[PDB]
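Bear in mind these aren't lab numbers, they're just calculated from the coordinates by the rules spelled out. Backbone-built Cβ (ideal geometry, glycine too); neighbour counts: all protein chains shown.
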Amino acid sequence: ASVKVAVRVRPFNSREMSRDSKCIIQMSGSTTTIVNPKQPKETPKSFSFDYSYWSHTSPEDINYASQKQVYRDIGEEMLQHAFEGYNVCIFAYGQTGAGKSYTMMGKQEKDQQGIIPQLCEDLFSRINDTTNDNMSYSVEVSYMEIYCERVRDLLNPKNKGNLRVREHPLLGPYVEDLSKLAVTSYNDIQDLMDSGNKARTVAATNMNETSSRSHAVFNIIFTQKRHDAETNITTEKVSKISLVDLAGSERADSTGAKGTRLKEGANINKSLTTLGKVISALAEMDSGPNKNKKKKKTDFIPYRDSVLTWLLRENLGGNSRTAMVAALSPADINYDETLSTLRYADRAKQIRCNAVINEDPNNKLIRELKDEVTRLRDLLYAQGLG
Amino acid sequence: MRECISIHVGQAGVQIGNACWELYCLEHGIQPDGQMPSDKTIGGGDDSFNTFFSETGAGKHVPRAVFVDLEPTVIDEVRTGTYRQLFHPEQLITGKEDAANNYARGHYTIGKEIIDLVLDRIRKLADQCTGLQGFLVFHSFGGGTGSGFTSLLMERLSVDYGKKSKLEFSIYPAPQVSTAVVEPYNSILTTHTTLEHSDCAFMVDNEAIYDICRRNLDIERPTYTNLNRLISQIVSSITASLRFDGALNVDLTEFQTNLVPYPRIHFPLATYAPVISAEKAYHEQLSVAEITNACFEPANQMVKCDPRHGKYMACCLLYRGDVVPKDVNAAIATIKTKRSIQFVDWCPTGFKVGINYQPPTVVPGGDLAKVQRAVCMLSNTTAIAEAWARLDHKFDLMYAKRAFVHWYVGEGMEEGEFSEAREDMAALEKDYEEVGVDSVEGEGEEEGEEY
Amino acid sequence: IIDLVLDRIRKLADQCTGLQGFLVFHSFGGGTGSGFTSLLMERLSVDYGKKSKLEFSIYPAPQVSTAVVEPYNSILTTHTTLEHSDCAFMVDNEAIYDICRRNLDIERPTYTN
Amino acid sequence: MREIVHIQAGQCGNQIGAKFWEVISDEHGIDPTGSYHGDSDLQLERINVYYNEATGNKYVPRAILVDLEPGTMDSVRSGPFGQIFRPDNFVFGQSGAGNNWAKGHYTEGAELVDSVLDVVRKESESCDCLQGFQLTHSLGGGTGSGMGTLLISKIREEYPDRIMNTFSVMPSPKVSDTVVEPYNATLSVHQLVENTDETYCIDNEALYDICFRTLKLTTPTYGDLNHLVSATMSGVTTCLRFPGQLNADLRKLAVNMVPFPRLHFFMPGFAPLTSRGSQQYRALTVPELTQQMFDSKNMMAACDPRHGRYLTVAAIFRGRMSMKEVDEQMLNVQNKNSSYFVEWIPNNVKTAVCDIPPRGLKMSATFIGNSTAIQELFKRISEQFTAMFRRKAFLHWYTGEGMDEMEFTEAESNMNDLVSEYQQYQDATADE
Ligand SMILES: CC(=O)O[C@H]1C(=O)[C@@]2(C)[C@H]([C@H](OC(=O)c3ccccc3)[C@]3(O)C[C@H](OC(=O)[C@H](O)[C@@H](NC(=O)c4ccccc4)c4ccccc4)C(C)=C1C3(C)C)[C@]1(OC(C)=O)CO[C@@H]1C[C@@H]2O
Ligand SMILES: Nc1nc2c(ncn2[C@@H]2O[C@H](COP(=O)(O)OP(=O)(O)OP(=O)(O)O)[C@@H](O)[C@H]2O)c(=O)[nH]1
Ligand SMILES: Nc1ncnc2c1ncn2[C@@H]1O[C@H](COP(=O)(O)OP(=O)(O)NP(=O)(O)O)[C@@H](O)[C@H]1O
Ligand SMILES: Nc1nc2c(ncn2[C@@H]2O[C@H](COP(=O)(O)OP(=O)(O)O)[C@@H](O)[C@H]2O)c(=O)[nH]1
Ligand SMILES: [Mg+2]
Ligand SMILES: [Mg+2]
C-alpha cells in the first residue's frame, strides 16, 4: 500500500492580515495550484494529492472542509483499517503556524475538534455497540513527547526525566517505562488528553502565540478478543494507532527567537531535516525497486540520525498503514516555505508500505496447515479419492 | 590490599602448605621466626605484602593460613619444626582418630565438633582483612579428610561468604599408581561438592609430576618434597599478579572471567614451562618462544591426559621476569598456526596474557635452576573428560558387588548417595561432550533471502 | 560583539568630517568573514545608508582551497555582497601565486607577499 | 580563552595520559615540580589550555585520573611526573572490573561515577570558556570501556554544547590479550556512536608495525606506543596554543571532517619518522611530509585506505613553510589518487598551518583521515561477536551483573547499521 496524502489550507492570522493579505493557494477537487507572487508570468505549478481541504472561507459551500469532513475522509478509514487488524498512523507536517496542532487536537471547548477526539469518540462508540457475550474489546493509551532528543511522558507528569529508547529484535524500536494506562470510557481518555496537553511544552513566538516546542506521539493499543468453545481465535487482533503532531520548521529572522527558544528551534529543524531526508529516500528506493526493475541490491535509509525517525521506523515504512496531513498557509510572504511542504508531500505520495495482520506464529502455522489439509481433502473428495 | 586466605586440609594439603610457605617466606625476605631484617636495615617499605602476611605492631609477620587435619602427627611435625614460631599457635587439629580413607567418617561422623572451630578462626582471619579477594583450598581426592571435610567446609563457606571466589588445588588420583584401595569412592563422592561449591578447580596428578621430574630435572628417585615445590611454584605464579608490579596484571576475578565459559566447566589444567636442572640450564636460551611452546607439549602436562584428543576452550598465560609483550604476541601467533592445537570455533580470541616483572626465586636445596624468564599456562580444555572416565570405570568395578560399602553406611551414609554422585558425574561428562562439538554447519542451518 | 563593533564605528565616525566611505576586508569561505560581514553590512546599511561601502574579499579558488565547506559559506554570502555593498573587489589566491611565481620569481611564496 | 578538561580511565588510558603530560610539559617548559623554566615567551601565552595556575607561580595540569584498581594510580605517582598532578583528582576504588564491561558500567562504576563527576564539575566551573573534553581509554578491557562510556553519557547529558573527543585503543585481529574483547568492544562502540563528536581509532598492531618497519626498533615496549599516541594528541590541539598562518580549532576539524553525524571515526597519523640513523639521508620538506602522510604503512588504525575511499582528511602542519607548496601538494595528492576520494565532496582535504614546530624538529605534521576502510575493523569485531553469542560463550558473567540478551542484540544491530552506512559511500559510481 501507499502513503495516503492529505493537504489542508488554512485562513489568515493577525500577522498576515496586518501585512499583505494576498492568497496564493487555489484548489479544485483533488488538485492544488500554487502561484509565485514574485513571478506572475510563470506557470501556476500544480500538485495532485489524495485529499485536499479548503478551510479559508467559513460560510461558503465551495468545497469547504470542516473538521468533520477531514475526519470522515481520513480518520474513519484509518479506524476501519485498525479494526481490520492493521497498525495505522496519521502524522502531521508543514511549517510553523499552519495547523498541525489544530488538525490533530483542535479546540476542545467547541464543535471544532481534532482528529484524535473524533477518532477516540468513534472507537468508543464502535466497541460499545458491537459488544457481545463472546466478543470483547480492550484499549490502552499512551502519550510521549520528544523535546530536545529526549523522550518525556505526558500522562504521568511526576516522572520528570528522559526515558530510555530500546530495540526489540522482532517489534523494532520502543520506549521503555512508558506509562501506558488502561481506559474504559470516553471521559477517561478525555481526562488523559487534557492532562497531556497541559503537560506539553508550549512557548510564544512571533509566528505563533502558542508554538509547539516538541514533537508528540499519541499511541492507542487496541485488542479484540473473540472467545468461543470450538477454537475461536482468542485476543486475535492487536492494532496500534499512532497519531503524531510534529513541531514545525522555523526561521530565526521571522521567529525572533533568542536563547532557549533558538536552541529549541535548532533541534526542531535538525529533526525535521532528518525526517525529510528519510522521506526522500524511502521514496526513491521504493519507486526504483518498484519501477527500475527488481535488483533490490542494497539501499540504506538513515533512520538512526534522529530519535524521531527512530521511533517512527515502522510507521514511515514497513509494517503500518500511514497517512500524512500537510498544513498550508495562504499568505504570499510564506510562499518559499509552503511550496517546500508541498514538494515533500509529493514525495510522500511515492512511498510504499508492507503491513500484515498480527497473530501468534504457532497459531499462524497451525491455521495455515489446517487450511491446507482442508483444501487437499476437498480436492481429493471432489476427484473421487477422498 | 589484595588479601587471600589459604586453607590446607589433610596430609597432602599440609605438606603442600609447608612448601608454599617456605617459598612465600623466601620471596618476601621473611625469616622463619617471622621477623623481616630488610625493613630494619632499609628503614621501611612495602615488603610485608598483605596478600599472605599480616603485620603486628612489634614487626612480626603472621601468615594468613589455616591448617586443618584429624591426625595430630602431620601438624605436630610443624609445631616443633623450623617454622614453629611463624604460625599462630591455633592450628585446628582434632585430638582424635582420622577419617580412615572414609568420606562418611570425615563428612558426617567426625567432621563435626572441629568444623565450628575452623569457621570461627576463618571468620577471625576474614575480619582482619580489607578487600578480601578469595580463598585457596588445598586438599586431596581419595583421602577421607581431604574429601569429606573439604566438602563440609566448602558447603559452609558458600553458605556464609557467598560472593568471594574459592579456587581449589587438588591431587586427582592417577590412572595406574595408587596409595589406597578405596580412592574411587571418595573421589566420586566429593565431585558432587566440588562441582557446585567451587569456582575453579586445578587438578594435578602425581604420575605426571614423577614423569616430569624423571625427564626434565634428571631426578631418578623423587619424593613428595619435589612435587610440593613444583606446586608451590605454580601457585606463586598464579598469585604473583597481585603482589608485584608488571606490564599487565591479572587478578583472581579475571581468571574466572576468561577461563570459565559456563558455570559447570571450571576444571582447567595447569603447566609450568621452564622446569629444568642447573646443568641443563646451560646449552639453552630459555626465550619466550621456547617456554610458550613447552607449555603446549603433551609430555609436560601435569595431568595424565593428551590435549591432542580434545579441544582448547580457553588459555591463560602468566609470564614472569625479563619478558616483553612483542615476543608474547609472536609466540601466540606461532601457536595459532599449528594444526595439532585445535581451538573450539566459538572462541576466536582464545588467549589471556599477563606479565609480571618479579622473576622466580630459587629455594636452597631445591632442584630447579635459576632462570630469567618463566611462564605458567592454564588451559580449560575437553581432554580432562578422559581423566574422569577412567575413574568412573574403576568405581563401577567395585560398586557392582558393593565392596567396601558397609564401612560407609556404618558412618552415617545410605547406599543411594553413591548412585546420585555417579549420575552427577555422568551429567558433567556429558556437558563436556556437548561443548567441544563444532557448531552445526552454518549454525542457522542455511539462509539467503532475496537481496 | 556586533553592538560593541558598531559602537566603536560610531565613535570613529563622529570624529570624522566629510566621511567618504568604508573599506571592508573579509574572506569568503570562513565562518566569521561571511556571517559577521553579513551582520555588519546589514547594520551599516541601516544606520549610515548613503555612505559608500567598498569590499576587498578573497574568493574561493577553482582548484586549491583550505576547507571542505567553502562553497556553502561563499554562496550564503551572496545576498549581503549583492544588496548592501556598492562595489566589491574579488581576488583569488591561485592568481596571485602564479603572479609571484612568474613575475617576481618567488618559487615558494607565502601569505605575506 | 579555550580550555580543555582531560579524563583518563583504566591502565591504558592512565599510561597514555602520563606520557602525554610528560610530552606537553616538555613542550611548555614545565619542570616536574611544576615550575616554568622555558626560554620562549610564547610558551606561557596560552598555558591555560591545559594547566591551572597555583600560588607559588606553579602550574597544575587539568587532569582527572580514574580507575577501579589502585595499583595503576601508584605507578603514576611513583614516576618522573607523578608529583605534578594534584592528589585530589586521583579518584579510585577497590575490586576492579575484572575485564567485565557490566561491572565497569552497571555495578562498580555506578558508585564511583558520582565522585568523578564531582571532580569534573569542579574543574569545569573554574574554566573561563570551556572548549571540550578528551578521554583516553581502551575499548577491549573492563573499567576503561565501561566507565569511559558512562562518563561520556553523563557529560553529554550535562554539557551538550561542548566538544567530546576520545582516543580509544580498540582490539586488533592478531594481537589479542583478553578472551572477551569482542563483547566489550561491541558495547563500547554502541555507546560511542551515539555519545561522541570525534573518535580517533588506535590499534596496537599498527603501532607495532610502525615501530618495527619505520623506526627500525628491535625491542618496542608500551612506552614507545604511548610516545606515538601522545605526539598525535599534541598535534591535534596545537592550534589552540600557538599562533599560525592558518588556524584550526577542534570545531573546525569536526565541521570539515564529519559529513553526517554517525561517521566520526578517524584514522590518525604523524610525520616525520626517521629511525635515528636515516635522518641524515632524508631531506625534510613539505613534499616528504606529504609523501609519508598518506602512505598506507604509516597509519595508526591497521586499516588500509586503499580498500575504501576518503570521505575527508585533515592535515595540520607545524613549522615555517610556504602555503603555496602546501596547497599544491594537497591538490596533487587529490588528483593523482583520484580513485581514493569521493566525487560528491570537492576539495575534501582540510589544511592548517602552525608557526611553532616541536622542540627538536624544523618541520612536523599530523594527519586525521575519515575513510570507509574503517568498516573493516568493525566487521571483524562483529564476526567474533557472533561466534561467541550464538553459543552464549561467556554470557553468564555479564547477565549476573544486571544485563540481558536484548542489550547485546541491539548493540550488534547498531554496529552493523554503522558498517552499512560506511559501506554506502565505498563503491564508485554514485557520482554528481
Ligand atoms: C637529532 C634529534 O633531535 O633526534 C630526534 C630523532 O632522531 C627522531 C628520529 C625522533 C626521536 O624519537 C624516537 O626515537 C622515537 C622512538 C619511539 C617512539 C617515537 C619516537 C627522538 O627520540 C625524539 C625527539 O623528539 C622530540 O623531542 C619532539 O619534540 C617530541 N617530544 C618527545 O619525543 C619527548 C620526549 C621526552 C619527553 C618529552 C617529549 C614531540 C613530537 C611531537 C609533538 C610533541 C613533541 C627528537 C627530536 C629526536 C630523538 C631524541 C632521538 C622522532 O620523534 C618524534 C616522534 O618526534 C621519531 O621520528 C621522529 C623524528 C626524528 O628524526
Ligand atoms: N603431591 C602430593 N600428594 C600427596 C602428598 N601427601 C599425600 N598425597 C596424596 O594423597 C593421597 C591420600 O590422601 P591423604 O592426603 O593422605 O588424606 P589424609 O589427609 O591423610 O586424610 P586421612 O585419610 O583421613 O588421613 C595419596 O594418594 C597421595 O598420593 C604430598 O605430600 N604431595
Ligand atoms: N483549517 C483551519 N481552519 C481554521 N483555523 C485553522 C485551520 N488550521 C489552522 N488554524 C488556526 O491557525 C493557527 C495555526 O494553527 P496551529 O495548529 O497552531 O499551527 P501549529 O503548527 O500546530 N503551531 P506550531 O506548533 O508552531 O507548528 C491556530 O490558531 C489554528 O487554530
Ligand atoms: N598502547 C598501549 N596499550 C595498552 C597498554 N596497556 C594495556 N594496553 C592494551 O589494553 C588492553 C587491556 O585493557 P586494560 O587497560 O587492561 O583495560 P582496563 O582493565 O579497563 O584498564 C590490551 O589489549 C592492551 O593491548 C599501554 O601501556 N599502551
Ligand atoms: Mg503546534
Ligand atoms: Mg592422613
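Any residue that is within 13 Å of another protein chain (Cβ to nearest Cβ) and closer than 30 Å to D:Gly319 by Cα - is there at least one of those in the range C:11-29?
yes
Out of the range B:7-38, which residues are part of a strand (DSSP E or B) and aliphatic (A, V, I, L, M)?
Correct list: B:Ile7, B:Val9.
Can you tell me which residue in the range B:241-276 is farthest from the other protein chains (Cβ to nearest Cβ), limited to those that are among the hydrophobic types (A, V, I, L, M, F, W, C) and out of contact with any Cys (no Cβ under 9 Å at 6 or more places or on another chain)?
By that ranking, first place goes to B:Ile276.
What is the residue count in the range A:230-271 for residues that are among the small types (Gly, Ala, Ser) and part of a strand (DSSP E or B)?
Final tally of qualifying residues: 3.
So which residues in the range B:121-136 are under 20 Å from B:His197 (Cα atoms) and not basic (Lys, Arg)?
Within the range B:121-136, B:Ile122, B:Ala126, B:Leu132, B:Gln133, B:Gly134, B:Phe135, B:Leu136 qualify.
When residues of the range B:382-405 are filtered for being out of contact with any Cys (no Cβ under 9 Å at 6 or more places or on another chain) and either surrounded by fewer than 19 Cβ atoms within 10 Å (Cβ to Cβ) or among the polar types (S, T, N, Q) (or both), how many remain?
16
D:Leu217: aliphatic (A, V, I, L, M), out of contact with any strand residue (DSSP E or B) (no Cβ under 6 Å at 6 or more places or on another chain) and more than 13 Å from chain B (Cβ to nearest Cβ), yes or no?
no
A quick yes/no check of all residues on (1) within 22 Å of D:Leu192 (Cβ to Cβ); (2) more than 14 Å from every other protein chain (Cβ to nearest Cβ); (3) in a helix (DSSP H, G or I); (4) away from ligand 2 (no atom under 16 Å from the Cβ):
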residue	(1), (2), (3), (4)
D:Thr72	no, no, yes, yes
D:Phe85	no, yes, no, yes
D:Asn99	yes, no, no, yes
D:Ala110	yes, yes, yes, yes
D:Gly132	yes, yes, no, yes
D:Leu135	yes, yes, no, yes
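Are there helices (runs of 4 or more DSSP H) fully within the range B:242-300 with at least 1 residues that are closer than 19 Å to B:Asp327 by Cβ and of a type in the set (D, E, K, R)? List them.
So the answer is B:288-295.
Kindly provide the set of residues from the range B:277-329 that are surrounded by fewer than 16 Cβ atoms within 10 Å (Cβ to Cβ) and either within 14 Å of another protein chain (Cβ to nearest Cβ) or touching a strand residue (DSSP E or B) at 6+ places or on another chain (Cβ under 7 Å) (or both), ordered by number.
Residues satisfying the conditions are B:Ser287, B:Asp322, B:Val324.
Out of curiosity, is D:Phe266 closer than 30 Å to D:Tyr51 by Cβ, within 16 Å of ligand 4 (Cβ to nearest atom) and either under 23 Å from the mean Cα position of the chain (by Cα) or not in a helix (DSSP H, G or I) (or both)?
Considered against the rule, which asks whether it is closer than 30 Å to D:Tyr51 by Cβ, within 16 Å of ligand 4 (Cβ to nearest atom) and either under 23 Å from the mean Cα position of the chain (by Cα) or not in a helix (DSSP H, G or I) (or both), D:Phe266 comes out as no.
Taking the condition within 12 Å of another protein chain (Cβ to nearest Cβ) and β-branched (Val, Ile, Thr), does B:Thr382 pass?
Spelling it out, it is not the case that B:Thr382 is within 12 Å of another protein chain (Cβ to nearest Cβ) and β-branched (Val, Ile, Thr).
Looking at the range B:344-367 only, could you name the residues that are within 12 Å of chain D (Cβ to nearest Cβ), in a loop (DSSP other than H, G, I, E, B) and under 23 Å from the mean Cα position of the chain (by Cα)?
B:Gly350, B:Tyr357
Which members of the range A:237-254 meet the condition of being near ligand 3 (Cβ under 9 Å from one of its atoms) and closer than 15 Å to A:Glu337 by Cα?
A:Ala247, A:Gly248, A:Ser249, A:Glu250
Just one of (1) aliphatic (A, V, I, L, M); (2) away from every other protein chain (no Cβ under 14 Å); (3) away from ligand 6 (no atom under 16 Å from the Cβ) trips up B:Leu132, so point out which.
So B:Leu132 meets the others, but not (2).
From the residues in the range D:190-205 that are away from chain B (no Cβ under 11 Å) and more than 14 Å from the chain's Cα centre (by Cα), which one is surrounded by the fewest Cβ atoms within 10 Å (Cβ to Cβ)?
D:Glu194
Which members of the range B:211-231 meet the condition of being of a type in the set (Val, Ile, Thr) and either within 16 Å of ligand 4 (Cβ to nearest atom) or part of a helix (DSSP H, G or I) (or both)?
B:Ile212, B:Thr225, B:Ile231, listed by residue number.
Condition check: among the basic types (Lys, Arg), more than 16 Å from ligand 6 (Cβ to nearest atom) and in contact with a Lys or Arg (Cβ under 9 Å, 6 or more places away or on another chain). Does D:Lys122 satisfy that?
Against the criterion (among the basic types (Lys, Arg), more than 16 Å from ligand 6 (Cβ to nearest atom) and in contact with a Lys or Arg (Cβ under 9 Å, 6 or more places away or on another chain)), D:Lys122 does not qualify.
Among B:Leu157, B:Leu153, B:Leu125, B:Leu136, which is part of a strand (DSSP E or B) and touching a strand residue (DSSP E or B) at 6+ places or on another chain (Cβ under 8 Å)?
The unique qualifying residue is B:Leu136.
Which number in (1) outside any helix (DSSP H, G or I); (2) farther than 30 Å from D:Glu194 by Cβ; (3) of a type outside the set (D, E, K, R) marks the one condition that A:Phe300 misses?
It is condition (2) that A:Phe300 fails.
Can you name every residue in the range B:395-423 that is charged (D, E, K, R) and touching an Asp or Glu at 6+ places or on another chain (Cβ under 9 Å)?
Matches in the range B:395-423: B:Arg402, B:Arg422.
Away from ligand 3 (no atom under 16 Å from the Cβ), within 14 Å of chain C (Cβ to nearest Cβ) and part of a loop (DSSP other than H, G, I, E, B), is that true of D:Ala248?
yes
So which helices (runs of 4 or more DSSP H) are wholly in the range D:319-432 and hold at least 3 residues that are in contact with a helix residue (DSSP H, G or I) (Cβ under 6 Å, 6 or more places away or on another chain) and within 14 Å of chain C (Cβ to nearest Cβ)?
The qualifying helices (runs of 4 or more DSSP H) are D:323-336.
Would you say B:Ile341 is within 14 Å of chain D (Cβ to nearest Cβ) and either in a strand (DSSP E or B) or within 29 Å of D:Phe394 (Cα to Cα) (or both)?
no
Of everything in the range D:163-189 that's of a type in the set (A, V, I, L, M, F, W, C) and farther than 27 Å from D:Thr274 by Cα, which residue is nearest to the other protein chains (Cβ to nearest Cβ)?
Within the range D:163-189, the match that is nearest to the other protein chains (Cβ to nearest Cβ) is D:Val179.
Out of the residues in the range A:283-299 meeting the condition of being in contact with a helix residue (DSSP H, G or I) (Cβ under 6 Å, 6 or more places away or on another chain) and away from chain B (no Cβ under 14 Å), tell me which one is surrounded by the fewest Cβ atoms within 10 Å (Cβ to Cβ).
Step by step, filter the range A:283-299, then rank; the result is A:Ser287.
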